[PDB]
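Here the structure comes first, spelled out in structure tokens, and everything after it is commentary.
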Amino acid sequence: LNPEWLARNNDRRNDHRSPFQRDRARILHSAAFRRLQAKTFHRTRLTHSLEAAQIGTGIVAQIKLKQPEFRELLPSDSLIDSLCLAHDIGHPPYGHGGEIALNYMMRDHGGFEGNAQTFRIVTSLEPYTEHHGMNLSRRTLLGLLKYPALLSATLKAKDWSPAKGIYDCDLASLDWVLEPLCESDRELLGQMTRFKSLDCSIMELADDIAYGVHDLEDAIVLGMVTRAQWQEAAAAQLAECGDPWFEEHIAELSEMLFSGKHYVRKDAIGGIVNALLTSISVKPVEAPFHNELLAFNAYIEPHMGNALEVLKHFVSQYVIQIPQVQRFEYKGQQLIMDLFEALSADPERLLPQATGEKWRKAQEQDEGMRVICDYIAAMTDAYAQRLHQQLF
Amino acid sequence: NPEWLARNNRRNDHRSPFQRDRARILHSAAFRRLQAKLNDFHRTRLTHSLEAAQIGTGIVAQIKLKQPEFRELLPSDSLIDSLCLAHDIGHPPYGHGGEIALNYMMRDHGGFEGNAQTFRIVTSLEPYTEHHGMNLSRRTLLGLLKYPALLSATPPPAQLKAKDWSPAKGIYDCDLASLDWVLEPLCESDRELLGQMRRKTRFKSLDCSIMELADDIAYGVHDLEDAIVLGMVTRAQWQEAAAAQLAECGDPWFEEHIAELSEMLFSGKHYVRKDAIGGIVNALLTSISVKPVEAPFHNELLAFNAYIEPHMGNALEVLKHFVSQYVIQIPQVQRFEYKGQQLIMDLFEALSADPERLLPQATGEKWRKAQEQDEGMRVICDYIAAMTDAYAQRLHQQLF
Ligand code: NI
Ligand code: NI
């Protein structure tokens, strides 16, 4: 593979780390990563990303054990770590409700979307360097493009959900990452999005497994799920999902999940995680890609995938789509819209002096609204709440 | 004897003495206060008392059908109503936690106890009359003597432990005049037997045995439904605790019906759960009869009590123990009581630091008058005992 994938956008003797170990190091020290401790028993988006990173390195170890052909093509541990630790930095306060509020406010100025924001943070907003954000290696950035097209190409929540892609205001740093690809590879990547790099496919499965399994254990202990509804929703569907392992073991997994002892539940959760993780292989992507990082993706075996989708659907139906969580997101989306409306009413007067200055400079190219959106996107829930109390 | 219709003290008012007692209790400030003591749950001591009253009248109806011999002796509807409406009047803020605090703070002045407080409210404190409280008829008062002895008949030393300061049960010595009046038409032999101990009193009147059964049935069953929907008990815990014990309790109806009763209670539909509750209540009511008391009492209101059939008693005791294990003896409830008992003890120590200066003016005046007999502490105790939780919280904030 080309050494141009190890390059950074901008340029000690004792530091002999790989480029991906330096990327992992920057992501860990960043303010964008540390704030995931605020954004949501102590399960946070930070905790979720750590769990995803552990599943992601487990996926790689398991692939390079059964498919030695790819041992050199697979991402190193610190690269797959970096994509899982950074994947969620772009999420705003109040999650999906916050995303909707911002996207509506920015409807006439490029929109808002969490994956777009993540790319925007690592290429510009995180102040590790003056002009290139965290200035990550090119392959790391390519791994973060879950949707490698621009959004120009791609109180009711359904209408305002954002499309997925990269902001047009970040096209320069998108051009830089895709630069060492032949034209034909580049033309396909924006095809509809349908495609993504090998490293990013591994990260997506790790996020999917973490979402499916690690939210589940604390939902059982908190009583948000009863034994009866687990049987009616998840356990019955897993008996008919078509994967033999889940069909065989679901009954005993359910008795372990309701054991009432953590050291027994841990065995169920680990066995599910291990079963999904050991069910992934690298196959060639069905497109005439030339670059090996785009010609191969990691895929979960289809039947195991049905089991994973039963698990994600169950977590969304009994942990996220319950009125108590959805009312909190409604409140957050009203709160964000209040903040956006007050701040844009008189920005140079209400923004903090550092952000007010970036607003005046950004208004020379009429990009002031994006400066306000970045600022709100970078708030924690508590910061956004005190600002609301200050203004109102 | 018509002496049971007499009071201590209009043309068109043709109500019975017991109908007038019921109306007074319904109108009293003491009764209205039971309403104070994200869901839509509003079960209070007031609702508990309405449900007891309705079970009480149902018990009387079953006895007057199965035992006509006793139709002259059984209480009228409004008498059994009156005893269930009033039974919880004396409870202090914070339930048992308040009771422990007041009793400890009155350790040298007669103690505090809720049943004693109930007697004190209806015979003196509730200002319906100037000198005799609600001025209820003698038989109504007798029905309220769940423990017809003085606390002198029924010390701990040494942060506070609940076991060490739970009050004995009885009547305050400062209310002896009103107790002497209630027991006056009894022969001496009945009177010295009534205060007999099992200290714990052993005996009570027929009207009061009925109220006790209705109260126990209300406590057993009507707490049970909302415990289920609030998630305070799961199906599994119901099976291990209540349902298994009821399958071995010895009463044939419960052993036969428990499986179907458990599926109805966890149906998730109010219109199905109420039929389980109604059947449990009805199975318990229809198992009560009047039998003679095992003591040579001469007065008919003391010679007979109502008793529940023993195997049925086991079923009721399973239900009462179950609500105590999953609705009351949980840390969430017990911490609220600990806080309340710390709160009550603070108010008492501040108010007794200087009562004239800190009490409301009307209570301050009662405190000055009571000091001619050196009973000032009981005035502070009545005042705290009649507060709601919200009033106590507000008074505490003004002081701390
Ligand atoms: Ni994620
Ligand atoms: Ni009661």
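Every chain in the structure tokens takes a letter, A first, then B, and so on in the order presented; its residues are numbered from 1, and the ligands are numbered from 1 following the presented order.
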Using only C-alpha atoms, determine which residues of chain B fall within 10 Å of chain A; present them as a list in words.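 The selection requested is residues 38, 231, 234, 235 and 236 of chain B.
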As a list in words, please: every protein or nucleic acid residue near ligand 2 (cut-off 8 Å, counting only C-alpha atoms and all ligand atoms). residues 45, 48, 49, 52, 84, 87, 88, 215, 216, 218 and 219 of chain B
Write a file of the selected residues as a PDB file, in the first residue's frame, keeping N, CA, C and O atoms.
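So part23.pdb came out as:
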```pdb
ATOM      1  N   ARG B  45     -54.116   8.173  53.274  1.00  0.00           N
ATOM      2  CA  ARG B  45     -54.768   7.609  54.440  1.00  0.00           C
ATOM      3  C   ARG B  45     -56.265   7.823  54.373  1.00  0.00           C
ATOM      4  O   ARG B  45     -57.028   7.072  54.992  1.00  0.00           O
ATOM      5  N   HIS B  48     -57.529   5.058  52.095  1.00  0.00           N
ATOM      6  CA  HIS B  48     -57.447   3.827  52.890  1.00  0.00           C
ATOM      7  C   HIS B  48     -58.610   3.732  53.857  1.00  0.00           C
ATOM      8  O   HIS B  48     -59.163   2.650  54.066  1.00  0.00           O
ATOM      9  N   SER B  49     -59.007   4.862  54.445  1.00  0.00           N
ATOM     10  CA  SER B  49     -60.098   4.829  55.410  1.00  0.00           C
ATOM     11  C   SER B  49     -61.460   4.658  54.729  1.00  0.00           C
ATOM     12  O   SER B  49     -62.321   3.961  55.262  1.00  0.00           O
ATOM     13  N   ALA B  52     -61.634   0.898  53.993  1.00  0.00           N
ATOM     14  CA  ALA B  52     -61.932   0.138  55.206  1.00  0.00           C
ATOM     15  C   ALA B  52     -63.402   0.263  55.577  1.00  0.00           C
ATOM     16  O   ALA B  52     -64.058  -0.740  55.900  1.00  0.00           O
ATOM     17  N   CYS B  84     -63.962   3.515  60.943  1.00  0.00           N
ATOM     18  CA  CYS B  84     -62.940   3.372  59.925  1.00  0.00           C
ATOM     19  C   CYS B  84     -62.510   4.709  59.373  1.00  0.00           C
ATOM     20  O   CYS B  84     -61.354   4.857  58.955  1.00  0.00           O
ATOM     21  N   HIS B  87     -59.950   5.886  62.290  1.00  0.00           N
ATOM     22  CA  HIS B  87     -58.936   5.002  62.884  1.00  0.00           C
ATOM     23  C   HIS B  87     -57.512   5.530  62.690  1.00  0.00           C
ATOM     24  O   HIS B  87     -56.644   5.275  63.525  1.00  0.00           O
ATOM     25  N   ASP B  88     -57.261   6.292  61.634  1.00  0.00           N
ATOM     26  CA  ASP B  88     -55.924   6.767  61.313  1.00  0.00           C
ATOM     27  C   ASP B  88     -55.737   8.252  61.609  1.00  0.00           C
ATOM     28  O   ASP B  88     -54.755   8.837  61.164  1.00  0.00           O
ATOM     29  N   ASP B 215     -59.925  -2.831  58.398  1.00  0.00           N
ATOM     30  CA  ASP B 215     -58.638  -2.172  58.221  1.00  0.00           C
ATOM     31  C   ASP B 215     -57.598  -3.162  57.704  1.00  0.00           C
ATOM     32  O   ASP B 215     -56.935  -2.908  56.689  1.00  0.00           O
ATOM     33  N   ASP B 216     -57.535  -4.355  58.311  1.00  0.00           N
ATOM     34  CA  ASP B 216     -56.541  -5.354  57.914  1.00  0.00           C
ATOM     35  C   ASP B 216     -56.786  -5.848  56.488  1.00  0.00           C
ATOM     36  O   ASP B 216     -55.835  -6.178  55.769  1.00  0.00           O
ATOM     37  N   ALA B 218     -58.347  -4.046  54.056  1.00  0.00           N
ATOM     38  CA  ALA B 218     -57.992  -2.913  53.194  1.00  0.00           C
ATOM     39  C   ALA B 218     -56.485  -2.820  53.006  1.00  0.00           C
ATOM     40  O   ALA B 218     -55.985  -2.744  51.879  1.00  0.00           O
ATOM     41  N   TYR B 219     -55.743  -2.896  54.106  1.00  0.00           N
ATOM     42  CA  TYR B 219     -54.292  -2.885  54.021  1.00  0.00           C
ATOM     43  C   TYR B 219     -53.786  -4.035  53.157  1.00  0.00           C
ATOM     44  O   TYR B 219     -52.850  -3.865  52.367  1.00  0.00           O
TER      45      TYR B 219
END
```
Can you list, as a ChimeraX atom specification, every protein, DNA or RNA residue that comes within 12 Å of residue 19 in chain A when you count only C-alpha atoms, leaving out same-chain residues fewer than 6 positions away? /A:3-8,25-26,76-79,82,135-140
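Taking CA of residue 148 in chain B as the reference point, CA of residue 62 in chain B is found at 27.3 Å.
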Contacts of residue 230 in chain A at 12 Å (only C-alpha atoms; same-chain gap of 3+ positions) as a ChimeraX atom specification: /A:216-217,219-220,223-227,233-238,250-251,253-255,257-258,310-311,313-315,317-318
Since we have the selection now, will you write its residues out, keeping N, CA, C and O atoms, as a JSON list (two decimals), in the first residue's frame?
```
[["chain", "number", "residue", "atom", "x", "y", "z"],
["A", 216, "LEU", "N", -27.75, -3.33, 26.65],
["A", 216, "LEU", "CA", -28.74, -4.32, 27.07],
["A", 216, "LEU", "C", -28.60, -4.74, 28.54],
["A", 216, "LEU", "O", -29.61, -4.97, 29.21],
["A", 217, "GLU", "N", -27.38, -4.90, 29.05],
["A", 217, "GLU", "CA", -27.26, -5.46, 30.39],
["A", 217, "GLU", "C", -27.82, -4.50, 31.45],
["A", 217, "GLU", "O", -28.52, -4.93, 32.38],
["A", 219, "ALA", "N", -30.04, -2.16, 31.03],
["A", 219, "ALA", "CA", -31.48, -2.09, 30.88],
["A", 219, "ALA", "C", -32.18, -3.22, 31.64],
["A", 219, "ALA", "O", -33.28, -3.02, 32.19],
["A", 220, "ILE", "N", -31.56, -4.39, 31.73],
["A", 220, "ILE", "CA", -32.21, -5.48, 32.46],
["A", 220, "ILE", "C", -32.16, -5.20, 33.95],
["A", 220, "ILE", "O", -33.15, -5.39, 34.67],
["A", 223, "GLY", "N", -34.55, -2.61, 35.33],
["A", 223, "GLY", "CA", -35.96, -2.90, 35.23],
["A", 223, "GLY", "C", -36.66, -2.23, 34.07],
["A", 223, "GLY", "O", -37.88, -2.31, 33.98],
["A", 224, "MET", "N", -35.91, -1.59, 33.15],
["A", 224, "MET", "CA", -36.54, -1.03, 31.96],
["A", 224, "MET", "C", -37.07, -2.11, 31.04],
["A", 224, "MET", "O", -37.87, -1.82, 30.15],
["A", 225, "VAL", "N", -36.63, -3.36, 31.23],
["A", 225, "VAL", "CA", -37.10, -4.50, 30.47],
["A", 225, "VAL", "C", -37.47, -5.60, 31.45],
["A", 225, "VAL", "O", -36.67, -5.94, 32.34],
["A", 226, "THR", "N", -38.64, -6.19, 31.27],
["A", 226, "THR", "CA", -39.05, -7.33, 32.08],
["A", 226, "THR", "C", -38.69, -8.63, 31.36],
["A", 226, "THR", "O", -38.42, -8.65, 30.16],
["A", 227, "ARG", "N", -38.67, -9.72, 32.13],
["A", 227, "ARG", "CA", -38.41, -11.03, 31.52],
["A", 227, "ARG", "C", -39.42, -11.31, 30.42],
["A", 227, "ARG", "O", -39.06, -11.85, 29.37],
["A", 233, "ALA", "N", -40.17, -9.96, 22.64],
["A", 233, "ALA", "CA", -39.57, -9.18, 21.56],
["A", 233, "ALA", "C", -38.30, -9.83, 21.04],
["A", 233, "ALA", "O", -38.27, -10.35, 19.91],
["A", 234, "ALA", "N", -37.27, -9.85, 21.86],
["A", 234, "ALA", "CA", -35.95, -10.27, 21.39],
["A", 234, "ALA", "C", -35.81, -11.78, 21.33],
["A", 234, "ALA", "O", -35.37, -12.32, 20.31],
["A", 235, "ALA", "N", -36.14, -12.49, 22.42],
["A", 235, "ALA", "CA", -35.79, -13.91, 22.50],
["A", 235, "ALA", "C", -36.52, -14.75, 21.46],
["A", 235, "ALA", "O", -35.92, -15.66, 20.86],
["A", 236, "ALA", "N", -37.80, -14.47, 21.22],
["A", 236, "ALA", "CA", -38.52, -15.22, 20.20],
["A", 236, "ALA", "C", -37.98, -14.94, 18.81],
["A", 236, "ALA", "O", -37.85, -15.87, 18.00],
["A", 237, "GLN", "N", -37.69, -13.68, 18.50],
["A", 237, "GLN", "CA", -37.14, -13.38, 17.18],
["A", 237, "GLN", "C", -35.76, -14.01, 16.99],
["A", 237, "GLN", "O", -35.39, -14.40, 15.87],
["A", 238, "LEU", "N", -34.97, -14.13, 18.06],
["A", 238, "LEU", "CA", -33.66, -14.75, 17.94],
["A", 238, "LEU", "C", -33.78, -16.25, 17.73],
["A", 238, "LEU", "O", -32.89, -16.87, 17.15],
["A", 250, "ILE", "N", -30.26, -19.33, 22.79],
["A", 250, "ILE", "CA", -31.03, -18.17, 23.27],
["A", 250, "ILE", "C", -31.65, -18.44, 24.63],
["A", 250, "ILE", "O", -31.68, -17.56, 25.50],
["A", 251, "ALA", "N", -32.19, -19.64, 24.84],
["A", 251, "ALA", "CA", -32.85, -19.95, 26.10],
["A", 251, "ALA", "C", -31.89, -19.80, 27.28],
["A", 251, "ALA", "O", -32.22, -19.18, 28.29],
["A", 253, "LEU", "N", -29.03, -18.14, 27.25],
["A", 253, "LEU", "CA", -28.61, -16.74, 27.34],
["A", 253, "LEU", "C", -29.63, -15.92, 28.12],
["A", 253, "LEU", "O", -29.25, -15.08, 28.94],
["A", 254, "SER", "N", -30.92, -16.20, 27.93],
["A", 254, "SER", "CA", -31.94, -15.45, 28.64],
["A", 254, "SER", "C", -31.94, -15.77, 30.13],
["A", 254, "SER", "O", -32.17, -14.87, 30.94],
["A", 255, "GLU", "N", -31.60, -17.00, 30.52],
["A", 255, "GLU", "CA", -31.58, -17.28, 31.94],
["A", 255, "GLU", "C", -30.35, -16.66, 32.60],
["A", 255, "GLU", "O", -30.40, -16.30, 33.78],
["A", 257, "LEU", "N", -29.02, -13.74, 31.47],
["A", 257, "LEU", "CA", -29.26, -12.30, 31.50],
["A", 257, "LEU", "C", -30.14, -11.90, 32.68],
["A", 257, "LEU", "O", -30.10, -10.74, 33.11],
["A", 258, "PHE", "N", -30.99, -12.81, 33.17],
["A", 258, "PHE", "CA", -31.85, -12.52, 34.31],
["A", 258, "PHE", "C", -31.41, -13.28, 35.57],
["A", 258, "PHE", "O", -32.20, -13.44, 36.50],
["A", 310, "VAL", "N", -31.91, -7.88, 15.16],
["A", 310, "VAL", "CA", -32.89, -8.11, 16.21],
["A", 310, "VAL", "C", -32.47, -7.42, 17.50],
["A", 310, "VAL", "O", -33.29, -6.82, 18.21],
["A", 311, "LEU", "N", -31.18, -7.49, 17.82],
["A", 311, "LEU", "CA", -30.65, -6.93, 19.06],
["A", 311, "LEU", "C", -30.66, -5.40, 19.02],
["A", 311, "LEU", "O", -31.06, -4.75, 19.99],
["A", 313, "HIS", "N", -32.64, -3.54, 17.11],
["A", 313, "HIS", "CA", -34.04, -3.15, 17.16],
["A", 313, "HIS", "C", -34.61, -3.26, 18.57],
["A", 313, "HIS", "O", -35.46, -2.47, 18.96],
["A", 314, "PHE", "N", -34.14, -4.23, 19.34],
["A", 314, "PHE", "CA", -34.69, -4.36, 20.68],
["A", 314, "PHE", "C", -34.18, -3.23, 21.56],
["A", 314, "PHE", "O", -34.94, -2.62, 22.32],
["A", 315, "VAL", "N", -32.90, -2.87, 21.41],
["A", 315, "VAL", "CA", -32.37, -1.83, 22.25],
["A", 315, "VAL", "C", -33.03, -0.51, 21.92],
["A", 315, "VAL", "O", -33.39, 0.27, 22.82],
["A", 317, "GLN", "N", -36.11, -0.13, 20.84],
["A", 317, "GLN", "CA", -37.52, -0.12, 21.17],
["A", 317, "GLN", "C", -37.76, -0.02, 22.67],
["A", 317, "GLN", "O", -38.80, 0.50, 23.09],
["A", 318, "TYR", "N", -36.81, -0.46, 23.49],
["A", 318, "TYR", "CA", -37.01, -0.48, 24.93],
["A", 318, "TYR", "C", -35.99, 0.36, 25.69],
["A", 318, "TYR", "O", -36.07, 0.44, 26.92]]
```
Could the residues that lie within 8 Å of ligand 1, counting only C-alpha atoms and all ligand atoms, be listed as a PyMOL selection string? chain A and resi 45+48-49+52+84+87-88+207-208+210-211
Would you list the contacts of range 115-130 of chain A as a ChimeraX atom specification, taking every protein, DNA or RNA residue within 6 Å and counting only C-alpha atoms, but skipping same-chain residues closer than 4 positions in sequence? /A:89-90,134,165-167
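Comparing A:278, A:259, A:154, A:47 by their smallest distance to residue 65 in chain A, the closest is A:278 (using only C-alpha atoms).
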If you run DSSP on this backbone, which residues of range 52-295 of chain B come out as strand (DSSP E), and could you give them as a list in words?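 Going through range 52-295 of chain B, the strand (DSSP E) residues come out as residues 288, 289, 290, 291 and 292 of chain B.
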Put those residues in a file: C-alpha atoms, as a PDB file, in the first residue's frame.
```
ATOM      1  CA  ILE B 288     -65.914 -13.638  59.358  1.00  0.00           C
ATOM      2  CA  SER B 289     -68.301 -14.494  62.167  1.00  0.00           C
ATOM      3  CA  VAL B 290     -69.065 -13.333  65.692  1.00  0.00           C
ATOM      4  CA  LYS B 291     -68.004 -15.789  68.411  1.00  0.00           C
ATOM      5  CA  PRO B 292     -67.779 -15.276  72.190  1.00  0.00           C
TER       6      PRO B 292
END
```
Using backbone DSSP assignments, extract all alpha helix (DSSP H) residues from range 38-193 of chain A; output them as number ranges by chain. A: 45-66, 77-86, 95-105, 114-120, 138-144, 157-160, 171-178, 183-189
Shortest interatomic distance to residue 47 in chain B - which of B:244, B:222, B:21, B:217, counting only C-alpha atoms: B:222
Rounded to one decimal in Å, what is the spacing between CA of residue 240 in chain A and CA of residue 298 in chain A?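 CA of residue 298 in chain A lies at a distance of 24.8 Å from CA of residue 240 in chain A.
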To one decimal place, how far is CA of residue 383 in chain B from CA of residue 126 in chain B in Å? 11.6 Å
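When the distance limit is 10 Å and only C-alpha atoms are what count, the residues near residue 214 in chain B, minus those fewer than 2 positions from it on the same chain, are residues 49, 51, 52, 53, 54, 55, 56, 57, 58, 59, 80, 84, 208, 209, 210, 211, 212, 216, 217, 218, 219, 220, 281, 284 and 285 of chain B.
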Residues as selected, N, CA and C atoms, written as an mmCIF file, in the first residue's frame, can you do that?
```cif
data_model
loop_
_atom_site.group_PDB
_atom_site.id
_atom_site.type_symbol
_atom_site.label_atom_id
_atom_site.label_comp_id
_atom_site.auth_asym_id
_atom_site.auth_seq_id
_atom_site.Cartn_x
_atom_site.Cartn_y
_atom_site.Cartn_z
ATOM 1 N N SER B 49 -59.007 4.862 54.445
ATOM 2 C CA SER B 49 -60.098 4.829 55.410
ATOM 3 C C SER B 49 -61.460 4.658 54.729
ATOM 4 N N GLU B 51 -61.940 2.854 51.969
ATOM 5 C CA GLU B 51 -62.005 1.439 51.616
ATOM 6 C C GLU B 51 -62.253 0.567 52.849
ATOM 7 N N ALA B 52 -61.634 0.898 53.993
ATOM 8 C CA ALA B 52 -61.932 0.138 55.206
ATOM 9 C C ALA B 52 -63.402 0.263 55.577
ATOM 10 N N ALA B 53 -63.951 1.479 55.475
ATOM 11 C CA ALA B 53 -65.345 1.693 55.830
ATOM 12 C C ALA B 53 -66.265 0.857 54.948
ATOM 13 N N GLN B 54 -65.946 0.758 53.654
ATOM 14 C CA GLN B 54 -66.816 -0.003 52.772
ATOM 15 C C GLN B 54 -66.699 -1.506 53.012
ATOM 16 N N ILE B 55 -65.522 -1.991 53.393
ATOM 17 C CA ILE B 55 -65.398 -3.389 53.784
ATOM 18 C C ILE B 55 -66.127 -3.634 55.108
ATOM 19 N N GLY B 56 -66.063 -2.662 56.022
ATOM 20 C CA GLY B 56 -66.737 -2.814 57.301
ATOM 21 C C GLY B 56 -68.240 -2.989 57.163
ATOM 22 N N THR B 57 -68.874 -2.177 56.310
ATOM 23 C CA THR B 57 -70.309 -2.330 56.118
ATOM 24 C C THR B 57 -70.636 -3.641 55.414
ATOM 25 N N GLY B 58 -69.737 -4.105 54.540
ATOM 26 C CA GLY B 58 -69.917 -5.403 53.912
ATOM 27 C C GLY B 58 -69.794 -6.547 54.909
ATOM 28 N N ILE B 59 -68.883 -6.415 55.888
ATOM 29 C CA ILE B 59 -68.750 -7.433 56.929
ATOM 30 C C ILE B 59 -70.030 -7.522 57.740
ATOM 31 N N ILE B 80 -69.966 1.715 62.002
ATOM 32 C CA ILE B 80 -68.758 1.092 61.485
ATOM 33 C C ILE B 80 -68.054 2.048 60.525
ATOM 34 N N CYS B 84 -63.962 3.515 60.943
ATOM 35 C CA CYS B 84 -62.940 3.372 59.925
ATOM 36 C C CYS B 84 -62.510 4.709 59.373
ATOM 37 N N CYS B 208 -65.155 -2.654 67.466
ATOM 38 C CA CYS B 208 -63.764 -2.389 67.154
ATOM 39 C C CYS B 208 -63.075 -3.593 66.520
ATOM 40 N N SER B 209 -63.461 -4.811 66.920
ATOM 41 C CA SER B 209 -62.973 -6.004 66.230
ATOM 42 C C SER B 209 -63.391 -6.008 64.771
ATOM 43 N N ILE B 210 -64.591 -5.508 64.467
ATOM 44 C CA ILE B 210 -64.989 -5.443 63.065
ATOM 45 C C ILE B 210 -64.134 -4.430 62.307
ATOM 46 N N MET B 211 -63.930 -3.248 62.895
ATOM 47 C CA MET B 211 -63.111 -2.237 62.236
ATOM 48 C C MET B 211 -61.696 -2.749 62.012
ATOM 49 N N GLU B 212 -61.149 -3.470 62.992
ATOM 50 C CA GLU B 212 -59.797 -4.002 62.850
ATOM 51 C C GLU B 212 -59.704 -4.975 61.672
ATOM 52 N N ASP B 216 -57.535 -4.355 58.311
ATOM 53 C CA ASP B 216 -56.541 -5.354 57.914
ATOM 54 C C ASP B 216 -56.786 -5.848 56.488
ATOM 55 N N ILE B 217 -58.054 -5.976 56.091
ATOM 56 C CA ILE B 217 -58.373 -6.402 54.729
ATOM 57 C C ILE B 217 -58.018 -5.304 53.727
ATOM 58 N N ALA B 218 -58.347 -4.046 54.056
ATOM 59 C CA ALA B 218 -57.992 -2.913 53.194
ATOM 60 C C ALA B 218 -56.485 -2.820 53.006
ATOM 61 N N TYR B 219 -55.743 -2.896 54.106
ATOM 62 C CA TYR B 219 -54.292 -2.885 54.021
ATOM 63 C C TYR B 219 -53.786 -4.035 53.157
ATOM 64 N N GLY B 220 -54.389 -5.213 53.297
ATOM 65 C CA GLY B 220 -53.863 -6.375 52.606
ATOM 66 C C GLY B 220 -54.005 -6.321 51.093
ATOM 67 N N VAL B 281 -61.104 -9.824 48.357
ATOM 68 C CA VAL B 281 -61.815 -9.107 49.402
ATOM 69 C C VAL B 281 -63.034 -9.895 49.825
ATOM 70 N N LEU B 284 -62.409 -13.000 51.788
ATOM 71 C CA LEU B 284 -62.032 -12.687 53.165
ATOM 72 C C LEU B 284 -63.234 -12.239 53.995
ATOM 73 N N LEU B 285 -64.116 -11.425 53.413
ATOM 74 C CA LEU B 285 -65.258 -10.901 54.154
ATOM 75 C C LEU B 285 -66.202 -12.003 54.581
#
```
